[PDB]
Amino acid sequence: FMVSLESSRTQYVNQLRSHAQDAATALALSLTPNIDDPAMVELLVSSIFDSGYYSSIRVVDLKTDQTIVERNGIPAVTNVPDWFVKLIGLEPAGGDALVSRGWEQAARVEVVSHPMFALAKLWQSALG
């Protein structure tokens, strides 16, 4: 725990940085065939940002050096009270998929996404 703190911290630092880099790389790719359609650019950026996973996303025009589109959330941690979760009562919204073995369905994969960012956003809205 304390013995492994420095290495563990570095792992999370590297993980979060990779998370941000992967999103930028994916978004740049998504924007490439649409860079001259302002509406689509905004749509594609909103798509990614609306998860709540990112403190900020900005697209900068290199010729003019101006912001084309940007989005910002609060970068600090939001401590949402337990009682607000019950009050809001968010449904799990799980997803699933089948794995086949030959022609027979062999297993079902069930996934449930963590609501922490969604709850944080709902709480911020509640406070406003």
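We number the residues from 1 along the sequence you see.
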Between 101 to 109 and 114 to 122 (mean CA B-factor, as deposited), the higher:
101 to 109
Of 67 to 75 vs 23 to 31, the stretch with the larger average CA B-factor in the entry is 67 to 75
Looking at the entry's B-factor column for C-alpha atoms only, identify whether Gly52 ranks in the lowest, middle or highest third of its chain.
lowest
Within this chain, which third does the Cα B-factor at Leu87 fall in: lowest, middle or highest?
highest
Sorting by Cα B-factor within the chain, modelled residues only, which third would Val41 end up in: lowest, middle or highest?
middle
Place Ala93 in the lowest, middle or highest third of its chain's C-alpha B-factors, as listed in the PDB entry.
highest
